[PDB]
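For reference, the structure is listed below as structure tokens.
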Amino acid sequence: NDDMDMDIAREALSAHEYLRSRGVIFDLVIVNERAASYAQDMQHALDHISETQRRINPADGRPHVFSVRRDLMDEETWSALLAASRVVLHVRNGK
Amino acid sequence: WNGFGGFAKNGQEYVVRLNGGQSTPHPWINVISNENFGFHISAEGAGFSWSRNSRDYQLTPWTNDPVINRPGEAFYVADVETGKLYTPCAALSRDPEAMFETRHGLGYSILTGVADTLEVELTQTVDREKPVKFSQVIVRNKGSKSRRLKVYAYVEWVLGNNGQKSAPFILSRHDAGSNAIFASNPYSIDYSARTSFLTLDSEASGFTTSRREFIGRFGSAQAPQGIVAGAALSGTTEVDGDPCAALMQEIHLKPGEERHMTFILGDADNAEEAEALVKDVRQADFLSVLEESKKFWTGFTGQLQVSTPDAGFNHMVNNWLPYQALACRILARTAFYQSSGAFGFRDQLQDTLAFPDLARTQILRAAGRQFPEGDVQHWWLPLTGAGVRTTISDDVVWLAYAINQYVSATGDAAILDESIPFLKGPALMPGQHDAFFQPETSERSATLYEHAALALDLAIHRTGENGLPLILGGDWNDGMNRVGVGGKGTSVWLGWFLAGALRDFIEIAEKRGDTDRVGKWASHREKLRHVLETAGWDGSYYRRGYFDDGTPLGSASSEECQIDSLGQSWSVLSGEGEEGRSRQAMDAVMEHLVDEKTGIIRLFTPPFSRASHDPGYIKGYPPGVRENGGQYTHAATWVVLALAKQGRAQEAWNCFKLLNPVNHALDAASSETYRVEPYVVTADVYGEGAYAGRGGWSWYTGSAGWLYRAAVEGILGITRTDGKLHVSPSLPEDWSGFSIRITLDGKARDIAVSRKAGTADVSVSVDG
């Protein structure tokens, strides 16, 4: 929800691919909490770096990379997704 | 009288006695259920609660571990001053100087533990209609000084299909005005509005909804750690990684009086509905429902009573077989080993065959699931109904068998004319054997006549070049799959069964009136029987079928599956065939029956060791277990029925005594190999390898009802032909006479049968 960090995303996806290589399987979901002012810009920026990892895995459906934006999808579903996550991290409030 | 337990007379109570530390070879469970609830309790500690259906919905973890079997529900009455704990369950107390006695009755259990003059009686029962379970704890002191004790009630909340998935997403709350603990699982696929409650009929001193604080590290069920490391059970409200419920009550009992307490566990939809339920239950009484359940089970099981000289036979038939049938293949389709909560089509068709209105309800429910193409849904869910549509062949004609048997028994033609809507779906794609999807109701109503016609036409269209019905994807024995799949896999059992069904369908069609179809049925019957007597004989016994390569199955020319018994039994069970060929088939069946040393009835003499035609995944079974050349009570029940029907009664009863779990190898301690409860019938018995003589997968078997029918019609000889009870007695040489006590329409008869004939009320011949 900052748009200045633009660096923890690569570290998070690197952690995701490292853990998927180590043996454990988990889904990496990124949430855009910003409004429609720069939601499309943030989506493009994150796609430009996640397109090299969301490609289909040879012999393993869709890889464990998900991108959602709070502006479009419903607030109740957003709360449900946040609750269902076993761990929540904020780009601004930690590293 | 065994080294672990036996009966308590009348065949209505089983009492198992143990010391502190010993255990049964396997969990000796008893299942108690209702229309929309159920559980089962072992002889040393267990419990498996489910609101709507098992597997998909469950309350305690279902660890089918025969060696460990960690209990899910625990009750501790530990001492405050001394520190030595006590527990009615035998699997929790490790004190050698303890006496445990578990009584399993008709719908209830009572566990009594005596250790150092202190007596604890735990009575588990269920409430009818209202889905909820009651546990009465009675503490009795016979010493000389007043003792202070704290009663515990521990159970871990897991909801859904499997554990360690919904554990981080279970919400637990503690009621303040009511002594209750509520658990919910909003993070669920379907059952998300259901909440479970654990309640006490008095003011609970403390509560703790956490396994980390109750058991925690460095502990177990026998050593809860938190029980002895202090007593300040903190009230846990925050959601942790392990959900449970613990209630603490302080009691000070003086010698001479008994302390009574009641714990309540249940599950229901909606928070306010659960609140109303717990409010009603808290002032509801505990005994009255117990005598109500006892009276219900006594009345239902008391309709048919016997007085045969055999002590073991007088117990299974009187109460245990009908009780197991009702609690396994009627109400709760789940045991400690197999948990299949789905309504199997053939299962629901064949479960209700020894009785009256229950068969009508089951057959109408089965008719309610049918596709206009001809095929039927293999199974479905009680609520949603979303099941599967597979390529199994005999399922459609099993409904035909059920309807013709019901017509033969009752005779009411009104059931033949009922409104049953059709369904619709994506049909089938010729690259798979089954599909899930979701069936949707339609607006094309018909009656049982059109459903039977559609099923029969589907069977006719699904026929091989040799005339015998095709196997397509499989048959009753789903292990023998991958024999068809676009090929020509025929069978003789299916032909026998279809001939038996049409033998009365021609009569019912003639009564109704249809010539264009009765002519087709007559032609098909003639062709099929001509095939059977021409291409259906091996020289000394009937075959089983033919593979896609044309290699016969059930012949002596094969290296595996050389002699079968299903077709041989169904040759006379259906009714057709020659007498001499039938006798030769029975003589061949005697080959796999002579193995009295093991004491089983094998299905196929050569086990499927290697694969030559890929008869399915049976080759995956170890050689000598289940259907891989092992024993199967369902198969042998038809064998003993055929033996009784043909005339050989002495051999029939001799084989039956081998089938009866009572007086079967394990009598007191003479055969520990059996390893399974002898008061219920099992489905799998092993007779090969180092585990020869070991049973398996009891309780949840489709053989209890068939065995009851075999006893009633074959051994006892009483039958319901048309209204009046027909008596066809053939007694062995060690019974002399007996008396059958039956009730029907409120009229009770006590027919006393002597060596030849006779009746207590007045002298009359047989079939009177």
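Protein chains in written order, with the entry's author numbering: chain F, 1903 to 1962, 1964 to 1998; chain G, 2047 to 2401, 2406 to 2818.
A virtual CB, placed ideally from N, CA and C, is assigned to each residue, including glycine.
G:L2794 is classed as exposed because its beta carbon has fewer than 16 other beta carbons within 10 Å across all chains shown. In the structure shown, the three-state DSSP call for G:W2747 is strand. Assignment of beta strand (DSSP E) within the stretch 2239-2304 of chain G, counting only whole runs of 3 or more residues, yields 2240-2246, 2252-2254, 2290-2299 in chain order. The straight-line gap separating the alpha-carbon atoms of G:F2228 and G:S2095 is approximately 15 Å. Going by DSSP, G:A2199 is part of no alpha helix (DSSP H) but of the beta strand (DSSP E) stretching over 2193-2202. Taken through DSSP and simplified to helix, strand or coil, G:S2813 comes out as coil. With a contact defined as Cβ atoms closer than 8 Å, G:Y2729 and G:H2714 miss out at about 11 Å. Here G:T2133 carries a coil assignment [DSSP, helix/strand/coil]. With fewer than three CB-CB distances shorter than 8 Å, the stretch 2334-2349 of chain G does not count as touching the stretch 2245-2256 of chain G. From the listed residues G:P2112, G:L2408, G:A2400, the smallest Cα separation to G:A2761 is found for G:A2400.
In terms of beta-carbon proximity, G:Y2237 stays away from the interface with chain F, with every pair separated by 8 Å or more.
Closer than 8 Å to the CB of G:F2486 there is not a single CB belonging to chain F. The Cβ atoms of G:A2239 and G:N2316 sit closer than 8 Å to each other. If you draw a straight line from the Cα of F:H1950 to the Cα of G:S2234, it is about 35 Å long.
The C-beta of G:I2078 has 16 or more other C-beta atoms within 10 Å across all chains shown, which makes the residue buried. Residues of the same chain with a CB within less than 7 Å of the CB of G:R2575, apart from the 5 flanking positions on each side, are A2549, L2552 in chain order. Apart from the 5 residues on each side of it in sequence, G:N2207 sits with its Cβ closer than 7 Å to the Cβ of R2101, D2102 in its chain, given in chain order.
For the stretch 1922-1951 of chain F, the beta-carbon criterion of a distance under 7 Å to any beta-carbon of chain G is satisfied by none of its residues. Classified as exposed, F:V1990 has fewer than 16 neighbouring CB atoms from the shown chains inside 10 Å of its CB. The count of Cβ pairs closer than 8 Å, one atom from the stretch 2427-2439 of chain G and one from the stretch 2481-2493 of chain G, reaches three, so the stretches are in contact. Residues of chain F with a Cβ closer than 7 Å to the Cβ of G:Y2233 are, in chain order, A1987. Along the stretch 2195-2224 of chain G, the positions whose C-beta sits under 8 Å from a C-beta of chain F are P2214, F2215, read in chain order. In this model, G:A2277 and G:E2202 are separated by some 20 Å (Cα to Cα). G:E2143 is classed as exposed because its beta carbon has fewer than 16 other beta carbons within 10 Å across all chains shown. If you check the CB distance, G:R2140 and G:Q2271 do not come in under 8 Å.
Inclusion of G:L2395 and G:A2371 in the CB contact set at 8 Å is not warranted, their separation being larger than that value.
Secondary structure of G:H2086 (DSSP, three-state): strand. Inclusion of G:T2687 and G:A2733 in the CB contact set at 8 Å is not warranted, their separation being larger than that value.
Under the three-state reduction of DSSP output, G:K2797 falls in the strand class. One alpha carbon belongs to G:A2320, the other to G:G2151, and they sit about 29 Å apart. Per the DSSP secondary-structure output, G:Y2233 pairs with nothing in a beta bridge. A straight-line Cα-Cα distance of about 9 Å links F:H1918 and F:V1926. Annotation: the continuous beta strand (DSSP E) that includes G:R2770 extends over 2768-2772.
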